[PDB]
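Single-letter residue listing:
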Amino acid sequence: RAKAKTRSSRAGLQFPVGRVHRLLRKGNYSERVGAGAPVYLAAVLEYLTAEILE
Amino acid sequence: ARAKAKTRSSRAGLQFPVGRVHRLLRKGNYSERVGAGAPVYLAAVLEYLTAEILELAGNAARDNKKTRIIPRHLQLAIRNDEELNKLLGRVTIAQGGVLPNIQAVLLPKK
Amino acid sequence: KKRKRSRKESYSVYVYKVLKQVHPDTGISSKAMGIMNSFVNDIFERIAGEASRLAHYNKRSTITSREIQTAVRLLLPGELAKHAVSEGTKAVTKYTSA
Amino acid sequence: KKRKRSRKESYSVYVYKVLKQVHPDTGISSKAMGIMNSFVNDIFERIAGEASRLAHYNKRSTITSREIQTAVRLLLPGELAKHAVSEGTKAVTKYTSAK
Amino acid sequence: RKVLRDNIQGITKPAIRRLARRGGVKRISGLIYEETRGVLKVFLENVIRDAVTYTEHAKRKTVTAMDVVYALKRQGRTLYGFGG
Amino acid sequence: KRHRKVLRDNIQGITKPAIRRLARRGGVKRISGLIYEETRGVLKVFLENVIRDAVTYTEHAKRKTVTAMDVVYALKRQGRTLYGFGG
Amino acid sequence: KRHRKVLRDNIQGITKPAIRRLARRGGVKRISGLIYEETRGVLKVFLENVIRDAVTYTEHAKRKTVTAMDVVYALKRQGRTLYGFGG
Amino acid sequence: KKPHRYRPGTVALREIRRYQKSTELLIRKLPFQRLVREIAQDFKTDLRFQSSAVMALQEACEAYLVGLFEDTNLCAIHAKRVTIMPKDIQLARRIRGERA
Amino acid sequence: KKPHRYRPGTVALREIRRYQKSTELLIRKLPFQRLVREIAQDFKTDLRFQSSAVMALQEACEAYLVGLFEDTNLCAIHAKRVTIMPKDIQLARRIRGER
Amino acid sequence: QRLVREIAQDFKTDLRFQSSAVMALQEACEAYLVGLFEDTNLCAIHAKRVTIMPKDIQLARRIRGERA
DNA sequence: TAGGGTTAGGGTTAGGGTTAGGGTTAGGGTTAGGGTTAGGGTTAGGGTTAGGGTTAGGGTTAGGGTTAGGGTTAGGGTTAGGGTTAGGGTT
DNA sequence: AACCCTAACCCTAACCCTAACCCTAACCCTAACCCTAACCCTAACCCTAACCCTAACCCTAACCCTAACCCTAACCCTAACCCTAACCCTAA
């Protein structure tokens, strides 16, 4: 709680990297999410939303 | 201490297991809590479907007169009944041939 | 041998008992066991599978008996549904008594 | 009366910030936010559904990056999975290398 | 509300041609109009029956839009838009 | 050191008799001449697609052998469930 | 023995420095990053086109060896005219 | 009267163009709020439809019919005809995997 | 001299009836073993195929092909023709949706 | 030596390349490539840029007439 | 790596099935006037919900025993080869 | 009716076998809890129904021009024997 830096900003991705972790965990997809997976899956959604929106 | 130690499949009178089916629902990650009543409904619903395929399969083998069910009989039973041809309509049974049908125009009329 | 093989599980013993009840004098070849054992393991992923989603939409967190009766009225056809929703409740009724 | 207000959650702020990098000057009408917020929720239920089957077939219990990457190689087609496996690899490399 | 024949006669002959002209057809035979009232009645029976089964699970007596977006998704024709 | 031929079977073995045996099971009565080159073009875009997904699963386990459970797992995704060849 | 044959890694055999030494003779000062894949596309079409005409002359003479007076007789038709490495 | 009586085939190639460049819905709303409610009375009595689920059934039963019609047209141009006929709609469904 | 030449197209009706009543595979195993080996080289080299993997691929591939030819036939009988042709195969693939 | 050998497999197999044939192919292929770069450079200096890029190579090939 | 038997691979030939052309007639197309119904509004009242504390029974869960299911194995019961006889017509 | 194919066996002889037999491993009874699907006013909104209108849209004739169909030949091309003898099986 010393200072607040968004987990999206540290990896420089616009799409949320905190919300995708809760939705992967609370949908019962698997027992232990891991921490290299929320960040990879918030970048394969952002590239696709930047192909249809351009 | 314990006493009778009677089995769950025996209590409900269903041949298919009601012990293995509960473990698989719990560790497949379908949902966090599985109610005890639910495995018993699944074992019964699966049993009726196996009895329909095996009973219909046997009749077709009797007509061929061989005394063992084999893959070709199962295709002929599954692909004839209307309801079982709309659940298993995409599945391809291995070593199963095709049902015999020839269109009239190809067939020499005269 | 000294391998200590993990081994596998099969619903093959159970299928043989059912074959005996419906017809008491026929038998099944091993290739036929393979097609049948797969079906019992493919109608356990469609029927259980629709139950998982039906729990989340509602917000409820358990897969109880009603949720496996709204997944047999949707993933099974027409008259193999009325004769299977009815067959299942009878076994649940007996279990509750004993 | 007071409060008693549920909070609907939608990815709509984040689709009005990728329209402000690719094309400054244009704006999205309300229906297009609909037909977009229902796209992000459809390619997140096809990459968390081929990564919860790959974990179980191989008898393992965690979805690490390799698993969320096997799905992109299978579900997305050509000239779309190629321009996506790389985009993720640069984005995770920054997370570990730079703190 | 009703139980008459105006249900399938509501898809009138002009609007069973304009739907077609959005597809490319240039001449339409007389009996297409009867067969294409039959095919729409079967599709609606299958989409409506599955919406009712989900509605009963929650005990509600109103068939909301999300239930139709979940009936169509199962049969292979996803809809995007009129729902979430 | 090397089989002199490196053709890896160029869509071969589907000889006129094999395509005139599969078609006859189908119901075809008078197969036309040009079909043989085309039916060696449709088999080709299918054997590749089951294969690309099949290798993709094996590289995930890091093993170097394509076992039949990998082909049954790939065939389910495209749409046809083979029952029992692998189980 | 030599139990291996030439795979298709060759097209990436041209290295990243070699395309930066055939472009510094050309006057280029700040080569951009994406050029390296494109320059392996322009060379790839050219090497096939001199080659197909080269094999077509050799098969006319029913030999099995592509000698340089065949490359020089193919390169004249396409457009260039190498003078020197040939007669 | 020397007018502009258009010859058969020039008021149908101007119609295909106007209707293929629009986004509106062809079926009238009130007659499709009664087909939906006479196919529901049989399944359960007293079901009250919402006002956005009688427009998500219109936009999925007017985008499957404009789907059969393109497949009927490819079939009726394979027998050298330009007029869709009722023996074409039946072929399209069989191959697609719908009624058989 | 007995030519006994059955008129054109009557040997084949006997062929159709006998072929539809048996399940043996109709493409030879040794040639097919190689077509898969060639189409696997591009995806990776050093891939070793177990015996069952070639067998499954033969049962699926025969089954897709047997089907395309029952739908091509249905299209041919529509135009009043009685023989399959190259053009008919392409209407079946556009309608089925494979494209 | 290898790129030429791989490209030759498709046209025929059992083709044996004399030493001079792979030398000539090196002194023609370098010359086509050295040239495209001088024309790509002329195009780049036109737009006010000082660096070659992927788009510039395509204008040089359409104008020279090779791609069609 | 033998080796051996049969499957594919070449020829001819005659029939039959596309295919192009040439008439014939109902059937969609194209305008033109009558007779609405399907859209909009406004009220209003009932008909179904959205939270919110509150039990109590149904789960989970972590200990024991112990039962039931999963591998291995001779010898018999089909079950196909394997030849005759049958039997269908079939050019 | 040229003279071609269809239908009894019957020896033949490996793979489904019942045990049968351990025995390994997974269920079950027996004790703990917690937590949630039941419960309830309410107050809120939104679906249903009713009323009015009116003007674009359907409906029902007439007239006549194409396009679907049925012949007509005919002529190319796909069918059905026949020596191979090459290659795929079959062990091993």
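Rules of the game
- Residues numbered from 1 in each chain as written, not as in the entry; some residues may be left out.
- Chains lettered and ligands numbered in written order.
- Part of a larger assembly, values for the part shown.
- Heavy atoms only, no water.
- Residues with missing side-chain atoms left out of burial classes, pairs and counts.
- UniProt positions renumbered as here; feature names shortened; annotations may be inferred.
- Helix = DSSP H or I, 4+ residues; strand = E, 2+ residues; numbered from the N terminus.
- Rg over C-alpha atoms; globule rule 2.2 N^0.38 Å.
- Buried < 20%, exposed > 50% of the residue type's maximum accessible area, 1.4 Å probe, protein only.
- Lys, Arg positive; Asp, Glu negative; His and termini not counted.
- Charge placed at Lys NZ, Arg CZ, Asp CG, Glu CD.
- Polar contact = N/O pair within 3.5 Å; in protein donor to acceptor, adjacent residues only side chain to side chain.
- Core = buried A, V, L, I, M, F, W, Y, C linked by side-chain atoms within 4.5 Å.
- Contact = heavy atoms within 4.5 Å.
- Buried area = accessible area lost by both parts, 1.4 Å probe.
- Salt bridge = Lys/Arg side-chain N within 4 Å of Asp/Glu carboxyl O.
- Nonpolar A, V, L, I, M, F, W, Y, C, P; charged D, E, K, R; others polar.
- Patch = residues over 30% accessible without salt bridge, like charges linked within 9 Å, V, L, I, M, F, W, Y side chains within 5 Å.
- Areas by Shrake-Rupley, 256 points an atom, 1.4 Å probe, with all protein chains shown as cover.
- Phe/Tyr/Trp six-rings, centres within 6.5 Å; stacked < 30°, edge-to-face > 60°.
- Near = heavy atom within 4 Å.

- As annotated in the PDB entry, chain J is Histone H3.1 from Homo sapiens.
- The title assigned to this entry in its PDB record is "Telomeric Dinucleosome".
- UniProt's Sequence similarities comment on chain J is quoted here verbatim: "Belongs to the histone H3 family."

- Looking at the PDB entry, chain E carries the name Histone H4, with the source organism given as Homo sapiens.
- Under Sequence similarities, UniProt gives the following word-for-word description of chain E: "Belongs to the histone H4 family."

## What to know about the overall build of chain J
Here's step 1: Each helix and strand in chain J was counted, giving 3 helices and 1 strand.
Here's step 2: Ordered by position from the N terminus, the helices and strands of chain J form the series α-β-α-α.
Here's step 3: In summary, chain J has a C-alpha radius of gyration of 16 Å against a globular reference of 11 Å for 68 residues, an excess of more than 25%.
Here's step 4: Dimensions along the principal axes, computed over C-alpha positions, put chain J at roughly 50 × 25 × 15 Å.
Here's step 5: With 68 residues in all, chain J has 40% of them scored as buried.
Here's step 6: Within chain J, the 9 negative side-chain charges are centred at a point lying 5 Å from the centre of the 11 positive side-chain charges.

## Digging into the environment of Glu45(C)
Here's step 1: Along the polypeptide, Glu45(C) turns up in the loop between helix 2 (30-40) and helix 3 (46-58).
Here's step 2: Look at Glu45(C) and you get partly exposed, because its relative accessible area is 39%.
Here's step 3: Only 3.1 Å separates the side chain of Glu45(C) from the side chain of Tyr30(B), close enough to count as a polar contact.

## Re the nonpolar core
Here's step 1: Judged by nonpolar contacts, the single largest core of 57 residues is most densely connected at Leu42(B), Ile53(B), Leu74(B), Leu88(B) and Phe39(C).
Here's step 2: At the level of secondary structure, the elements contributing two or more residues to this core comprise helix 2 (20-27), helix 3 (37-64) and helix 4 (71-78) of chain B together with helix 1 (12-22), helix 2, helix 3 and helix 4 (79-97) of chain C.
Here's step 3: Counting residues per element, this core draws most heavily on helix 3 of chain B, which supplies 14 residues.
Here's step 4: Excluding anything up to four places from it in sequence, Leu74(B) contacts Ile53(B), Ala57(B), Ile69(B), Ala32(C), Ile35(C) and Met36(C).
Here's step 5: In terms of nonpolar packing, the next biggest core, distinct from the first, is built from 53 residues, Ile28(E), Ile32(E), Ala56(H) and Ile95(I) among them.

## As for the interface of chain E and chain H
Here's step 1: Contacts between the two partners involve 50 residues from chain E, matched on the other side by 55 residues from chain H.
Here's step 2: Contact with chain H buries area across many residues of chain E, yet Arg1(E), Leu19(E) and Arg22(E) alone supply 15% of it, more than any other trio.
Here's step 3: Between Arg21(E) and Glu15(H) there is a salt bridge, and its shortest N-O distance comes to 3.4 Å.
Here's step 4: Remark: the boundary between chain E and chain H carries 12 residue pairs in polar contact.
Here's step 5: The set of elements that each furnish at least two residues to the side of chain E that touches chain H consists of helix 1 (6-9), helix 2 (18-21), strand 1 (27-28), helix 3 (32-58), strand 2 (62-63) and helix 4 (65-74) of chain E.
Here's step 6: For the side of chain E that touches chain H, the element with the most residues is helix 3 of chain E, which contributes 15 residues.
Here's step 7: Residue composition of the side of chain E that touches chain H, by class: 25 nonpolar, 9 polar and 16 charged.

## A look at a nonpolar patch on the surface
Here's step 1: A cluster of nonpolar side chains, contributed by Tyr57(G), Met69(G) and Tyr73(G), occupies part of the molecular surface with about 290 Å² of accessible area.
Here's step 2: Position of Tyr57(G) among the secondary structure elements: in helix 1 (residues 35-60).

## Comments concerning the packing of aromatic side chains
Here's step 1: Per the stated rule, a full pass over the model turns up 8 aromatic pairs over all chains.
Here's step 2: When the ring of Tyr57(C) is compared with that of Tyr70(E), the centres are 4.0 Å apart and the planes differ by 15°; the resulting orientation is stacked. Taken as a pair, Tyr57(C) in helix 3 and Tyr70(E) in helix 4 lie in two separate chains rather than in one.
Here's step 3: The buried category is assigned to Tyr70(E), whose relative accessible area is 19%.
Here's step 4: Ring plane angle 35° and centroid distance 4.9 Å describe the contact between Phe43(E) and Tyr64(H), whose orientation is recorded as tilted. Placement of the pair is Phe43(E) in helix 3 and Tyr64(H) in the loop between strand 1 (48-49) and helix 3 (65-76), with the two residues belonging to separate chains.

## A short note on the protein's contact with DNA strand K
Here's step 1: Taken together, 58 residues sit near DNA strand K, with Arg68(B), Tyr14(C), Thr62(E), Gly9(H) and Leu30(H) positioned nearest.
Here's step 2: Sugar plus phosphate: this is where 96% of the atoms of DNA strand K within 4 Å of the protein reside.
Here's step 3: Between DNA strand K and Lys66(B) there is a distance of 3.4 Å, counted from a phosphate oxygen to a side-chain nitrogen or oxygen.
Here's step 4: Within the contact set of DNA strand K, a phosphate oxygen lies 2.8 Å away from a side-chain nitrogen or oxygen of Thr62(E).
Here's step 5: If you list the elements that add at least two residues to the surface near DNA strand K, you get helix 1 of chain C, strand 1 of chain E together with helix 1 (16-26) of chain F.

## A few points about the protein's contact with DNA strand L
Here's step 1: Around DNA strand L, 47 residues are found, and the nearest of them are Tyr16(C), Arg1(E), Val82(H), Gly9(I) and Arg28(I).
Here's step 2: Per the 4 Å cut-off to the protein, sugar and phosphate atoms form 92% of the nearby atoms of DNA strand L.
Here's step 3: At a separation of 3.2 Å, a base nitrogen of DNA strand L approaches a polar side-chain atom of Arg5(I).
Here's step 4: Separating a phosphate oxygen of DNA strand L from a backbone N or O atom of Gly9(I) is a distance of 2.9 Å.
Here's step 5: Broken down by secondary-structure element, the contributors of at least two residues to the surface near DNA strand L are helix 1 (8-12) and helix 2 of chain B, helix 1 of chain F, strand 1 of chain H together with helix 1 (11-20) and helix 2 (29-41) of chain I.

## Overview of the arrangement of the chains
Here's step 1: Contact between chain A and chain I is absent, and the least distance between their C-alpha atoms amounts to 23 Å.
Here's step 2: The smallest C-alpha distance separating chain I from chain J is 14 Å, and no contact links them.

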